[PDB]
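*Asks:* A single structure is presented below for examination.
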Amino acid sequence: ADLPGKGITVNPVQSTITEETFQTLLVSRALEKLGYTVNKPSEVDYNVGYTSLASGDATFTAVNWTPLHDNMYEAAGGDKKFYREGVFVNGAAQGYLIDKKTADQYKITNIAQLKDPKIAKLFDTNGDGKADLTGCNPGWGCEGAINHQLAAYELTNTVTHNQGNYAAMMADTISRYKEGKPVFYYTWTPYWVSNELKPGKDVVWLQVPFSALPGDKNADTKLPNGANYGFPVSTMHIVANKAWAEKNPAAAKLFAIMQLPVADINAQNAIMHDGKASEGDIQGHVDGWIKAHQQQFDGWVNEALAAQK
């Protein structure tokens, strides 16, 4: 009779990247169908989120990135403190881009070429001679990855990792791009940036000279043909407090089987960027996705409810 989640309050966490709200609320909706009372997501620093999940102050995140959060995940307790099954979002991507105009003009294919100060200066926006890379907010996993790579690739003398508010800085980068000036930035999918700056039209991805990621000395991001963009095909997982998942088998099953296409998050994130980014707007996007994928969503719910619970 009673749904398994009756009377149990769930506390989602995500970052203050509101482009994460859609996927987070999708999990919340499915949890509601299991009977849980789900609070609005807490938007917190990623590491605070991980420590909160480990202590039980939070229930789940839907934005556990591989490889970007590997080091935070392990440092916060790893598999001893967290439940993590399945893959919520497959086929995410990351890397460094420059505008296609400058890439084609100067035959720039690899970030190693920015070791030449004459090339790096093309991307200098503040007059100090160094290329200005639009990069990651303090505390993002991509902060560590970029800093690691700029050192490994002997780029710190010619490249500055510009940090602050990435979203705001990318508005400035796109505005500069539209002036026809050279730009240099890191981005990921899913996010709104790739809708505004498209590889093969506006920008190109740069390769890297060899694999290098923080915390994994044996990382290998090379494609079978020897190409290397610096990052693997990336994923997001649902991560839950381990004890909570053990006490909530229907929710644990749900977390293991949910999957959301990266294209759908990309599309939602673009709609936000285009002007529909309110809490109510995003709730509507979640409800529209469910309607368009109702059999699949219902299947998650029904398999979860059928767990040994």
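Chain A is numbered as in Swiss-Prot; shown residues: 22-330, in order.
We read in the header that X-ray crystallography, 1.6 Å was used to get this structure.
Each residue, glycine too, has its Cβ placed from N, Cα and C.
Swiss-Prot lists these features:
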BINDING   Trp86, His90, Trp161, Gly162, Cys163  substrate binding site
DISULFID  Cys157-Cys163  disulfide bond
*Asks:* Whole-number Å only: compute the distance from the Cα of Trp86 (substrate binding site) to the Cα of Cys157 (disulfide bond).
*Replies:* 15
*Asks:* Fill in the CA-CA distance, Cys157 (disulfide bond) to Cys163 (substrate binding site), as an integer in Å.
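*Replies:* Cα to Cα, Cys157 (disulfide bond) and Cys163 (substrate binding site) are separated by 6 Å.
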*Asks:* Most Cβ neighbours within 10 Å: which of the recorded positions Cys157, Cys163 is it?
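*Replies:* Output for this query is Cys157.
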*Asks:* Just report the maximum Cα pair distance in Å for the recorded substrate binders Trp86, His90, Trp161, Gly162, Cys163, no decimals.
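*Replies:* Between the most distant Cα atoms of the substrate site, 10 Å.
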*Asks:* Cβ within 8 angstroms of the Cβ centroid of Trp86, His90, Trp161, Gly162, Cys163: which residues besides those meet this for the substrate site?
*Replies:* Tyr67, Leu89, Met93, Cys157, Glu164, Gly165, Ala166
*Asks:* Run through the Cβ atoms and count how many others sit within 10 Å of the one on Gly162 (substrate binding site).
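*Replies:* Here the count is 22.
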